[PDB]
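[1] This one's a deposited entry, sequence included:
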Amino acid sequence: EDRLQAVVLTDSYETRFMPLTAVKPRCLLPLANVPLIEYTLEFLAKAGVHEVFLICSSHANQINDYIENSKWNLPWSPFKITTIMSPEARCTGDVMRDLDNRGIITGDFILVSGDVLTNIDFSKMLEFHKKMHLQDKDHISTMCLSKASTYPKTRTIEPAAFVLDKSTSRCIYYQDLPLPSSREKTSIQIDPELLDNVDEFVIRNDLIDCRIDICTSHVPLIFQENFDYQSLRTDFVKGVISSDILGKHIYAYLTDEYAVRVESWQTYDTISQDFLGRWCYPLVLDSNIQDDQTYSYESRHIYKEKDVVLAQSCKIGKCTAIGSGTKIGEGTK
Amino acid sequence: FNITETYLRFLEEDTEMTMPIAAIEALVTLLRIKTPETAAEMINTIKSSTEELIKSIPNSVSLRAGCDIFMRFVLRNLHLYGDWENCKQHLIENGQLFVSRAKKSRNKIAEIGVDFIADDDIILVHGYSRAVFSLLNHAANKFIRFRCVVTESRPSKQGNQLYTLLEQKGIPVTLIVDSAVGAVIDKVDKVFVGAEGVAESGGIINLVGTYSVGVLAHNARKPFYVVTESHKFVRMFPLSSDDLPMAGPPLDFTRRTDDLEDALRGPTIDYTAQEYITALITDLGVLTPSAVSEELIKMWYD
């Protein structure tokens, strides 16, 4: 149950943020006046990590410098940071292959794509993963899913329609749609390969992407074997479903609480807003994670750091956060 | 060797010194003439001086409090039961030392007292006490959301003076008459009052109106504040709702007049009860509920 390594897929979704990501790395950019990597690290710690592995290629020197400056570099940390340096521009298949070539993969390794910050406890999830693994020999990887805001309308980039089972919690079909953004394909597809075995068919769309994966030792080997799979969601899961290797199982964990990954700009903004509010149960800035931080809590969802100066007679609305060393004048709304 | 003259000498000074502190200094100076060695020659003379001061006193109890504190300190001093010279030297030192202390006390106040200010809280300030003003100025220094409300006081135009003082700061202010202070209940978040004398139970002697203010605060459930340093401690307890040793008039119904000569007669100094005050501000760490009484007990042991 103990001793688990972590591999974080960083510097993967560049140019997706169309204006930025050209001079400085993607993940180093602050979410709420503090870098996005830190949150991820915290999450990993919460989960249970014993060694840290980061994938860097685009502006790696800066990342290295940050690591050197960071708190985990000092000997007190249970997990040490050793970066994977690779040639410029490659897909997640290639990265996996590279990892395999090196060879650190042992047991149930954690693979996280992008940067995710969520409130849900992970120990229970791990236990579940273990128990399910103990059921049958040929079990692969875990996927994380959360209940959406009743009706989907702000989701156009990744509105995945998940056809799911209640008894085993296993995915049947994966499909992407441009339906709300462009009225060309308002569409649904179901394959008949697993109709006369599951019986309990539940068709759903309202589920948000997390992209946190708990993976067995089989996965890198699989990746090595089938080199056609460049991506991990669109081609891989579908392949697994359509019996690439016969008699195999995958997981789709269901949670009522909030869990969303960073993907675009509006989504990022929404995430930030959520963070500002009391959406995440323990994740608050006033606790101070980076140790240099001096955030304190105030009434009506207002965050104020130390050495924050605000002038008299300024009417404020709802949910505001101010960073350290600020000088604000008069007559501001 | 005179004390009334010394007292007189401090009128246009202050702001930098402190009347009771000055008085204490004067007392110390008097002491270091007639030898602190001979207790019969000295203590009696000190007592006589105090009596003289009392006789010359118009409307002040704080000087008396100071002098008795000094006496107590002196008494404490000789508990070493050793040589009679070192103690004397220490006593001599302890006058300018007291003056020095005030600054340190102020400094202590200006670091713990700045934690009290909350986001968008309107403050009413009553009474001419230096400490409160210092706290205000040092809060401005800290840069905290705050507002100032001035009350129109009438002993010899004090409220106006206070307002003027505030002005030379740069804080927006509005003056309210002592009759009109009752209506202001929701806008002002915290009620702040300076003190001229702290009694046994925790009762406050000050100026033209405090008890009424306290009552109002109680009615509105708004927190009442007492701001002081550490020298205004009297071993006294009032008999009625409001009673004090006064040189002025205690409610005098003036005789039949036509040209108007005497009419300005009535209460000038007021007393407030222990129940009304929610928080006490002093330099001696942080103390509020009934610490003054304990301090008194420690001092007098009687």
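    Right, received. Where do you want to start? Numbering: from 1, shown residues only, chains lettered A, B, ... in the order given.
[2] Looking only at residue counts, what's the top strand in chain A?
    strand A:139-147 (DSSP state E).
[3] and the next element down the chain from it?
    strand A:162-164 (DSSP states H and E).
[4] nearest residue to residue A:106 other than its sequence neighbours?
    Distances taken as C-beta to C-beta, 6 or more residues apart in numbering or on different chains put residue A:5 closest to residue A:106, at 6.7 Å, once the chain neighbours are dropped. Quick note: C-beta positions are derived from backbone N, CA and C, even for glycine.
[5] should've said residue A:329
    residue A:311 (5.4 Å).
[6] Next up, the contacts around the one you found.
    A:328, A:329, A:330 (C-beta atoms under 8 Å, 6 or more residues apart in numbering or on different chains).
[7] Now render the residues you listed as TSV, adding secondary structure and neighbour count.
    Listed next are the contacts of residue A:311 as TSV, based on DSSP: H, G, I helix; E, B strand; the rest coil; neighbours: other C-beta atoms under 10 Å in any protein chain shown:
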residue	secondary structure	neighbour count
A:328	strand	11
A:329	coil	8
A:330	coil	9
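[8] Looking at those residues, which one is closest to residue A:46?
    Nearest to residue A:46, judged by C-beta to C-beta, of the contacts of residue A:311 is residue A:328 at 35.1 Å.
[9] In this structure residue A:299 contacts residue B:119, no?
    Yes - between residue A:299 and residue B:119 there is a contact at 6.6 Å, judged by C-beta atoms under 8 Å.
[10] Between these two, tell me which one has more neighbours.
    residue B:119 (14 against 8; other C-beta atoms under 10 Å in any protein chain shown).
[11] Nearest residue to residue B:54 in space, please, no chain neighbours.
    residue B:64 (6.6 Å).
[12] May I have the secondary structure class of the one you found?
    helix (DSSP: H, G, I helix; E, B strand; the rest coil).
[13] do the same with the one 5 residues further on
    Per three-state DSSP, the secondary structure class of residue B:69 is helix.
[14] So what sits opposite the residue nearest to it when sequence neighbours are not counted in the bridge?
    Setting aside the residues directly before and after it, residue B:69 is nearest to residue B:233 in space (C-beta to C-beta, 6+ apart), at 6.3 Å. For residue B:233, the residues forming beta bridges with it (DSSP bridges) are residue B:198.
[15] ok, which stretches of the stretch 1-150 of chain B are helices?
    Along the stretch 1-150 of chain B, the stretches classed as helices by DSSP state H, counting those that start in this stretch are B:4-9, B:19-31, B:39-56, B:62-77, B:86-93, B:96-112, B:130-142.
[16] Export only the CA atoms of the shortest one, formatted as CSV.
    Meaning helix B:4-9. The C-alpha trace of helix B:4-9 is given here as CSV (Å, rounded to 0.1, in the frame of the first residue of the first chain):
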residue,chain,number,x,y,z
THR,B,4,2.5,74.7,43.2
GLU,B,5,4.8,76.9,41.2
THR,B,6,6.2,73.9,39.4
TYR,B,7,2.7,72.7,38.6
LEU,B,8,1.8,76.2,37.3
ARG,B,9,5.0,76.1,35.1
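[17] Contacts for that helix, please.
    For helix B:4-9, contacts defined as C-beta under 8 Å, 6+ apart pick out B:22, B:23, B:26, B:29, B:52, B:53, B:56, B:63.
[18] For chain A, which residue gets nearest to chain B?
    residue A:309 (4.4 Å; C-beta to the nearest C-beta).
[19] buried sites along the longest strand of chain A?
    A:139, A:140, A:141, A:142, A:143, A:144, A:145, A:146 (16 or more other C-beta atoms under 10 Å in any protein chain shown).
[20] Now do the strands in the stretch 1-150 of chain A.
    Ranges of strands in the stretch 1-150 of chain A, per DSSP state E, counting those that start in this stretch, are A:5-9, A:51-56, A:81-85, A:109-113, A:139-147.
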